[PDB]
>>> print(open('protein-v8.pdb').read())   # PDB, C-alpha atoms and all ligand atoms
ATOM      1  CA  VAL A   1       0.000   0.000   0.000
ATOM      2  CA  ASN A   2       1.164   3.531  -0.867
ATOM      3  CA  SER A   3      -0.309   7.028  -0.582
ATOM      4  CA  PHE A   4      -1.427   7.702  -4.227
ATOM      5  CA  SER A   5      -5.206   8.367  -4.379
ATOM      6  CA  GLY A   6      -7.862   8.592  -7.119
ATOM      7  CA  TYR A   7      -5.920   6.757  -9.839
ATOM      8  CA  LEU A   8      -7.468   4.496 -12.382
ATOM      9  CA  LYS A   9      -5.638   1.179 -12.779
ATOM     10  CA  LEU A  10      -4.669   0.488 -16.416
ATOM     11  CA  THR A  11      -2.508  -2.625 -15.902
ATOM     12  CA  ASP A  12      -0.823  -4.629 -13.164
ATOM     13  CA  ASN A  13       1.692  -1.791 -12.698
ATOM     14  CA  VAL A  14       0.446   1.377 -14.480
ATOM     15  CA  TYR A  15      -2.033   3.841 -12.959
ATOM     16  CA  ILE A  16      -3.366   7.147 -14.351
ATOM     17  CA  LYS A  17      -5.068  10.265 -12.983
ATOM     18  CA  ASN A  18      -6.085  13.707 -14.171
ATOM     19  CA  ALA A  19      -3.807  15.801 -11.964
ATOM     20  CA  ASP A  20      -1.230  18.579 -11.883
ATOM     21  CA  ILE A  21       2.045  16.727 -11.227
ATOM     22  CA  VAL A  22       3.295  19.681  -9.158
ATOM     23  CA  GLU A  23       0.276  19.560  -6.863
ATOM     24  CA  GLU A  24       0.288  15.813  -6.923
ATOM     25  CA  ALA A  25       3.972  15.887  -5.956
ATOM     26  CA  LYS A  26       3.571  18.400  -3.114
ATOM     27  CA  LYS A  27       0.828  16.240  -1.516
ATOM     28  CA  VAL A  28       2.337  12.749  -1.850
ATOM     29  CA  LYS A  29       6.026  13.656  -1.432
ATOM     30  CA  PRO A  30       6.736  10.600  -3.519
ATOM     31  CA  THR A  31      10.135   8.945  -3.401
ATOM     32  CA  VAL A  32      10.596   9.763  -7.114
ATOM     33  CA  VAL A  33       8.997  12.380  -9.348
ATOM     34  CA  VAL A  34       9.919  12.217 -13.044
ATOM     35  CA  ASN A  35      10.754  15.402 -14.920
ATOM     36  CA  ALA A  36      10.251  15.713 -18.676
ATOM     37  CA  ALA A  37      13.775  17.038 -19.151
ATOM     38  CA  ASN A  38      15.882  18.075 -22.116
ATOM     39  CA  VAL A  39      19.552  17.133 -22.485
ATOM     40  CA  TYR A  40      20.696  20.515 -21.110
ATOM     41  CA  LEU A  41      18.407  20.347 -18.055
ATOM     42  CA  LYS A  42      17.084  23.773 -19.089
ATOM     43  CA  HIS A  43      13.718  23.759 -17.322
ATOM     44  CA  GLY A  44      11.948  26.460 -19.206
ATOM     45  CA  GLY A  45       8.439  25.227 -19.861
ATOM     46  CA  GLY A  46       6.055  22.333 -19.899
ATOM     47  CA  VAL A  47       6.325  19.937 -16.983
ATOM     48  CA  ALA A  48       9.952  20.938 -16.369
ATOM     49  CA  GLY A  49       9.254  24.648 -16.188
ATOM     50  CA  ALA A  50       6.357  24.012 -13.892
ATOM     51  CA  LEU A  51       8.314  21.664 -11.591
ATOM     52  CA  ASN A  52      11.244  24.063 -11.503
ATOM     53  CA  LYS A  53       8.982  27.040 -10.697
ATOM     54  CA  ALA A  54       7.503  25.080  -7.787
ATOM     55  CA  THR A  55      11.067  24.662  -6.389
ATOM     56  CA  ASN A  56      11.664  28.443  -6.560
ATOM     57  CA  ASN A  57      14.373  27.753  -9.223
ATOM     58  CA  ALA A  58      16.400  25.479  -6.909
ATOM     59  CA  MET A  59      15.978  22.647  -9.432
ATOM     60  CA  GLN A  60      17.578  24.832 -12.137
ATOM     61  CA  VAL A  61      20.479  25.855  -9.880
ATOM     62  CA  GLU A  62      21.220  22.220  -9.031
ATOM     63  CA  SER A  63      20.836  21.225 -12.689
ATOM     64  CA  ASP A  64      23.276  23.871 -13.933
ATOM     65  CA  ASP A  65      25.916  22.553 -11.526
ATOM     66  CA  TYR A  66      25.209  18.991 -12.752
ATOM     67  CA  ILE A  67      25.688  20.002 -16.405
ATOM     68  CA  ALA A  68      28.821  22.032 -15.668
ATOM     69  CA  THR A  69      30.356  18.881 -14.133
ATOM     70  CA  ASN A  70      28.974  16.121 -16.371
ATOM     71  CA  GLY A  71      27.884  17.649 -19.674
ATOM     72  CA  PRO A  72      24.529  17.042 -21.335
ATOM     73  CA  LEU A  73      22.410  13.951 -20.986
ATOM     74  CA  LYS A  74      21.690  11.625 -23.915
ATOM     75  CA  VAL A  75      18.281  11.630 -25.567
ATOM     76  CA  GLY A  76      16.713   8.554 -23.970
ATOM     77  CA  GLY A  77      18.865   9.011 -20.857
ATOM     78  CA  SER A  78      18.341  10.239 -17.323
ATOM     79  CA  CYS A  79      19.930  11.412 -14.118
ATOM     80  CA  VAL A  80      18.812  11.365 -10.483
ATOM     81  CA  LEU A  81      18.918  14.701  -8.676
ATOM     82  CA  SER A  82      17.172  16.136  -5.633
ATOM     83  CA  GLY A  83      13.383  16.302  -5.488
ATOM     84  CA  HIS A  84      13.604  19.551  -3.483
ATOM     85  CA  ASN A  85      10.200  20.338  -1.901
ATOM     86  CA  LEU A  86       8.353  18.014  -4.309
ATOM     87  CA  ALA A  87       9.804  14.519  -3.729
ATOM     88  CA  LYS A  88      12.819  12.787  -2.253
ATOM     89  CA  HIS A  89      14.391  12.489  -5.722
ATOM     90  CA  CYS A  90      13.737  13.832  -9.198
ATOM     91  CA  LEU A  91      14.469  11.470 -12.084
ATOM     92  CA  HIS A  92      15.179  13.784 -15.038
ATOM     93  CA  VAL A  93      14.332  11.728 -18.141
ATOM     94  CA  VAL A  94      14.907  12.916 -21.723
ATOM     95  CA  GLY A  95      12.270  11.726 -24.096
ATOM     96  CA  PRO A  96      12.704  12.552 -27.778
ATOM     97  CA  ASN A  97      11.386  15.980 -28.781
ATOM     98  CA  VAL A  98       9.496  15.598 -32.061
ATOM     99  CA  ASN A  99       9.703  19.368 -32.532
ATOM    100  CA  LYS A 100      13.497  18.863 -32.746
ATOM    101  CA  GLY A 101      13.290  15.893 -35.133
ATOM    102  CA  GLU A 102      14.439  13.285 -32.611
ATOM    103  CA  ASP A 103      13.793   9.593 -33.237
ATOM    104  CA  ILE A 104      10.564   8.450 -31.580
ATOM    105  CA  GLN A 105      12.036   4.959 -31.079
ATOM    106  CA  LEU A 106      14.168   6.513 -28.289
ATOM    107  CA  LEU A 107      10.935   6.846 -26.312
ATOM    108  CA  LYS A 108      11.245   3.199 -25.244
ATOM    109  CA  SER A 109      14.816   3.813 -24.053
ATOM    110  CA  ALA A 110      13.567   6.833 -22.095
ATOM    111  CA  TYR A 111      10.882   4.795 -20.304
ATOM    112  CA  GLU A 112      13.430   2.047 -19.481
ATOM    113  CA  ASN A 113      14.954   4.471 -16.962
ATOM    114  CA  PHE A 114      11.780   4.111 -14.876
ATOM    115  CA  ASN A 115      12.615   0.428 -14.221
ATOM    116  CA  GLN A 116      15.465   1.469 -11.911
ATOM    117  CA  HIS A 117      12.859   2.775  -9.403
ATOM    118  CA  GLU A 118      10.228   0.693  -7.631
ATOM    119  CA  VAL A 119       7.569   3.452  -7.600
ATOM    120  CA  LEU A 120       7.361   6.744  -9.533
ATOM    121  CA  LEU A 121       5.062   9.705 -10.108
ATOM    122  CA  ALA A 122       5.495  10.663 -13.733
ATOM    123  CA  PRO A 123       4.193  12.534 -16.740
ATOM    124  CA  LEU A 124       3.801  10.928 -20.120
ATOM    125  CA  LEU A 125       7.232  11.190 -21.723
ATOM    126  CA  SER A 126       7.515  13.170 -24.957
ATOM    127  CA  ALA A 127       3.921  14.470 -24.572
ATOM    128  CA  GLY A 128       2.924  18.122 -24.366
ATOM    129  CA  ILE A 129       5.490  20.495 -25.846
ATOM    130  CA  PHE A 130       7.735  17.552 -26.809
ATOM    131  CA  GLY A 131       5.317  16.892 -29.650
ATOM    132  CA  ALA A 132       4.665  13.146 -29.507
ATOM    133  CA  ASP A 133       1.230  11.527 -29.531
ATOM    134  CA  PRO A 134       0.312  10.961 -25.846
ATOM    135  CA  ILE A 135      -1.692   7.826 -26.726
ATOM    136  CA  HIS A 136       1.509   6.363 -28.168
ATOM    137  CA  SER A 137       3.494   7.470 -25.123
ATOM    138  CA  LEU A 138       1.052   5.645 -22.854
ATOM    139  CA  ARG A 139       1.335   2.487 -25.037
ATOM    140  CA  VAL A 140       5.148   2.547 -24.862
ATOM    141  CA  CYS A 141       4.946   3.208 -21.123
ATOM    142  CA  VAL A 142       2.673   0.197 -20.542
ATOM    143  CA  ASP A 143       4.823  -2.044 -22.746
ATOM    144  CA  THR A 144       8.170  -0.919 -21.233
ATOM    145  CA  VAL A 145       7.822   0.018 -17.560
ATOM    146  CA  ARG A 146       7.584  -2.932 -15.161
ATOM    147  CA  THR A 147       7.823  -0.961 -11.903
ATOM    148  CA  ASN A 148       4.845   0.859 -10.416
ATOM    149  CA  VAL A 149       4.154   4.097 -12.262
ATOM    150  CA  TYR A 150       1.526   6.703 -11.363
ATOM    151  CA  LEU A 151       0.903   8.907 -14.412
ATOM    152  CA  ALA A 152      -0.340  12.459 -13.867
ATOM    153  CA  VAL A 153      -2.084  13.958 -16.900
ATOM    154  CA  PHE A 154      -2.687  17.695 -16.569
ATOM    155  CA  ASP A 155      -5.325  18.086 -19.295
ATOM    156  CA  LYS A 156      -8.728  16.632 -18.380
ATOM    157  CA  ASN A 157      -9.757  16.321 -22.031
ATOM    158  CA  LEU A 158      -6.586  14.380 -22.791
ATOM    159  CA  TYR A 159      -6.959  12.201 -19.694
ATOM    160  CA  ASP A 160     -10.453  11.124 -20.763
ATOM    161  CA  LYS A 161      -9.217  10.359 -24.302
ATOM    162  CA  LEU A 162      -6.292   8.252 -23.117
ATOM    163  CA  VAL A 163      -8.632   6.179 -20.940
ATOM    164  CA  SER A 164     -11.330   5.731 -23.610
ATOM    165  CA  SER A 165      -8.833   4.625 -26.299
ATOM    166  CA  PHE A 166      -6.724   2.370 -24.067
ATOM    167  CA  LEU A 167      -6.395  -1.235 -25.236
TER
HETATM  168  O1  LIG B 201      -1.719  17.212 -19.990
HETATM  169  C1  LIG B 201      -0.579  16.688 -19.919
HETATM  170  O2  LIG B 201      -0.261  16.000 -18.915
HETATM  171  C2  LIG B 201       0.404  16.870 -21.067
HETATM  172  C3  LIG B 201       0.997  18.314 -21.159
HETATM  173  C4  LIG B 201       1.703  18.527 -22.452
HETATM  174  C5  LIG B 201       2.293  19.897 -22.539
HETATM  175  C6  LIG B 201       3.261  20.176 -21.383
HETATM  176  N1  LIG B 201       2.717  19.770 -20.047
HETATM  177  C7  LIG B 201       2.729  20.744 -18.951
HETATM  178  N2  LIG B 201       3.160  21.971 -19.213
HETATM  179  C8  LIG B 201       3.207  22.909 -18.278
HETATM  180  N3  LIG B 201       2.822  22.676 -17.044
HETATM  181  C9  LIG B 201       2.378  21.465 -16.689
HETATM  182  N4  LIG B 201       1.939  20.946 -15.531
HETATM  183  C10 LIG B 201       1.609  19.678 -15.738
HETATM  184  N5  LIG B 201       1.836  19.359 -16.996
HETATM  185  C11 LIG B 201       2.316  20.445 -17.632
HETATM  186  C12 LIG B 201       1.926  18.510 -19.959
END
>>> encode(input="protein-v8.pdb", output="structure tokens")
Amino acid sequence: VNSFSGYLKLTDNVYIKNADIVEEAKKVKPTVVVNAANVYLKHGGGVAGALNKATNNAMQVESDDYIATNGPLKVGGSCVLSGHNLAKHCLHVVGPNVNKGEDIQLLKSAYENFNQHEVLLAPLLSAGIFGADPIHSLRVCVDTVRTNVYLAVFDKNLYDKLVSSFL
């Protein structure tokens, strides 16, 4: 038993809810919140901008130090940093950005990072401003992640569509 509430169960291990991941994160304090990061950890908009804003820019400050030491992430890759006031840890995961021409097949590699964590609160990778089809992101998620993932979908219209079209 864990503290996530109001989720619909899609599979043995994948759950979904219409929620703001920032507000969901501040209430659950999950062990891991996933950020929809880019390779530079420049948290300007979308989920990342919103998560970073909720940390009063502390996420960005920590991220800039990470990049200065380690260089950029790979598309499909991840790093674990602090969760600040939102979670114990933040798993920054880089899904392909269709609006940059990145290969959608890397979406599976991106979701594989979730398997290193027993339980996660996450957005749909490559959705939103990253330009992928969220229905496809949810299919790849279900077919790739084996650990317990709680998906927060900000848009109520999208949430209902994802549920109604799920196979
Ligand atoms: O509806 C969804 O979950 C998908 C969208 C796609 C566009 C970017 N996204 C977001 N952008 C800015 N703030 C957000 N807070 C929660 N999600 C946020 C998520």
>>> residues_near_ligand(input="protein-v8.pdb", ligand="ligand LIG 201 (chain B)", cutoff="6 Å", atoms="all atoms listed in the file", output="number ranges by chain")
A: 20-21, 45-47, 50, 127-129, 153-155
>>> residues_around(input="protein-v8.pdb", residues="residue 103 of chain A", least_positions_apart="3", cutoff="12 Å", atoms="all atoms listed in the file", output="mmCIF file with C-alpha atoms, in the coordinates of the input")
data_model
loop_
_atom_site.group_PDB
_atom_site.id
_atom_site.type_symbol
_atom_site.label_atom_id
_atom_site.label_comp_id
_atom_site.auth_asym_id
_atom_site.auth_seq_id
_atom_site.Cartn_x
_atom_site.Cartn_y
_atom_site.Cartn_z
ATOM 1 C CA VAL A 75 18.281 11.630 -25.567
ATOM 2 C CA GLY A 76 16.713 8.554 -23.970
ATOM 3 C CA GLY A 95 12.270 11.726 -24.096
ATOM 4 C CA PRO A 96 12.704 12.552 -27.778
ATOM 5 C CA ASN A 97 11.386 15.980 -28.781
ATOM 6 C CA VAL A 98 9.496 15.598 -32.061
ATOM 7 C CA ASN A 99 9.703 19.368 -32.532
ATOM 8 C CA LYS A 100 13.497 18.863 -32.746
ATOM 9 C CA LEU A 106 14.168 6.513 -28.289
ATOM 10 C CA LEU A 107 10.935 6.846 -26.312
ATOM 11 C CA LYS A 108 11.245 3.199 -25.244
ATOM 12 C CA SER A 109 14.816 3.813 -24.053
ATOM 13 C CA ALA A 110 13.567 6.833 -22.095
ATOM 14 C CA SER A 126 7.515 13.170 -24.957
ATOM 15 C CA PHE A 130 7.735 17.552 -26.809
ATOM 16 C CA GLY A 131 5.317 16.892 -29.650
ATOM 17 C CA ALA A 132 4.665 13.146 -29.507
#
>>> resolve_selection(input="protein-v8.pdb", expression="the PyMOL selection byres (((chain A and resi 2) around 10) and not hetatm)", output="list in words")
residues 1, 3, 4, 5, 28, 30 and 119 of chain A
>>> write_last_selection(input="protein-v8.pdb", atoms="C-alpha atoms", output="PDB file, in the coordinates of the input")
ATOM      1  CA  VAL A   1       0.000   0.000   0.000  1.00  0.00           C
ATOM      2  CA  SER A   3      -0.309   7.028  -0.582  1.00  0.00           C
ATOM      3  CA  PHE A   4      -1.427   7.702  -4.227  1.00  0.00           C
ATOM      4  CA  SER A   5      -5.206   8.367  -4.379  1.00  0.00           C
ATOM      5  CA  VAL A  28       2.337  12.749  -1.850  1.00  0.00           C
ATOM      6  CA  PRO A  30       6.736  10.600  -3.519  1.00  0.00           C
ATOM      7  CA  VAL A 119       7.569   3.452  -7.600  1.00  0.00           C
TER       8      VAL A 119
END
>>> residues_around(input="protein-v8.pdb", residues="segment 164-166 of chain A", least_positions_apart="6", cutoff="10 Å", atoms="only C-alpha atoms", output="compact mmCIF listing (two decimals) with C-alpha atoms, keeping the file's coordinate frame")
# COMPACT_ATOMS: atom_id res chain seq x y z
CA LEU A 10 -4.67 0.49 -16.42
CA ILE A 135 -1.69 7.83 -26.73
CA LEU A 138 1.05 5.64 -22.85
CA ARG A 139 1.34 2.49 -25.04
CA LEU A 158 -6.59 14.38 -22.79
>>> resolve_selection(input="protein-v8.pdb", expression="the PyMOL selection byres (((chain A and resi 123) around 7) and not hetatm)", output="VMD selection string")
chain A and resid 34 122 124 to 125 151 to 153
>>> closest_residue(input="protein-v8.pdb", among="A:18, A:78, A:35, A:137", to="residue 60 of chain A", atoms="all atoms listed in the file")
A:35
>>> closest_residue(input="protein-v8.pdb", among="A:48, A:58, A:121, A:39", to="residue 27 of chain A", atoms="only C-alpha atoms")
A:121
>>> closest_residue(input="protein-v8.pdb", among="A:51, A:104, A:33, A:16", to="residue 88 of chain A", atoms="all atoms listed in the file")
A:33
>>> atom_distance(input="protein-v8.pdb", atom1="atom CA of residue 85 of chain A", atom2="atom CA of residue 146 of chain A")
26.9 Å
>>> atom_distance(input="protein-v8.pdb", atom1="atom CA of residue 134 of chain A", atom2="atom CA of residue 162 of chain A")
7.6 Å
>>> atom_distance(input="protein-v8.pdb", atom1="atom CA of residue 40 of chain A", atom2="atom CA of residue 94 of chain A")
9.6 Å
>>> closest_residue(input="protein-v8.pdb", among="A:136, A:43, A:84, A:117", to="residue 105 of chain A", atoms="all atoms listed in the file")
A:136
>>> closest_residue(input="protein-v8.pdb", among="A:74, A:61, A:54, A:14", to="residue 114 of chain A", atoms="only C-alpha atoms")
A:14
>>> closest_residue(input="protein-v8.pdb", among="A:66, A:82, A:102, A:149", to="residue 15 of chain A", atoms="all atoms listed in the file")
A:149
>>> resolve_selection(input="protein-v8.pdb", expression="the PyMOL selection byres (((chain A and resi 89) around 7) and not hetatm)", output="PDB file with C-alpha atoms, in the frame of the given file")
ATOM      1  CA  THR A  31      10.135   8.945  -3.401  1.00  0.00           C
ATOM      2  CA  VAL A  32      10.596   9.763  -7.114  1.00  0.00           C
ATOM      3  CA  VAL A  33       8.997  12.380  -9.348  1.00  0.00           C
ATOM      4  CA  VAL A  80      18.812  11.365 -10.483  1.00  0.00           C
ATOM      5  CA  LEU A  81      18.918  14.701  -8.676  1.00  0.00           C
ATOM      6  CA  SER A  82      17.172  16.136  -5.633  1.00  0.00           C
ATOM      7  CA  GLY A  83      13.383  16.302  -5.488  1.00  0.00           C
ATOM      8  CA  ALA A  87       9.804  14.519  -3.729  1.00  0.00           C
ATOM      9  CA  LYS A  88      12.819  12.787  -2.253  1.00  0.00           C
ATOM     10  CA  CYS A  90      13.737  13.832  -9.198  1.00  0.00           C
ATOM     11  CA  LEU A  91      14.469  11.470 -12.084  1.00  0.00           C
TER      12      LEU A  91
END
